[PDB]
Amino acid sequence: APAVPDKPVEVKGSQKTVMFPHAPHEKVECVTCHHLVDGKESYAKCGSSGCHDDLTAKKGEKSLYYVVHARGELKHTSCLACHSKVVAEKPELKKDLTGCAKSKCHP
């Protein structure tokens, strides 16, 4: 298992880059995000070739946008899906964690 990044890392889309901080996610199993692929574990970039490499489409399993923003019902938890659950318990974090603008992801 490679070391978890100790500084925010870039999550590049086609037009915007969002910084991802691992620290606040220390109590989330690595596997929740870096899910198994072909039964084997992987820590490759979500947008890697052969993964979620469609950086422009809004929907589809190949879309990086969808796996990040789908508000739920997927095979794995998206950023927005989990954030909505967190925000339900800690409402003061609504804009910070789910906002489309002026949020922690999109300042």
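Residue numbers run from 1 along the displayed sequence.
Looking at mean Cα B-factors across 25-33 and 42-50, the upper value is held by 42-50. Sort the modelled residues of the chain by CA B factor and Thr98 lands in the lowest third. Compared with the other modelled residues of the chain, the Cα B-factor recorded for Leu80 ranks in the lowest third. For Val67, the recorded CA temperature factor ranks within the middle third of the chain's modelled residues.
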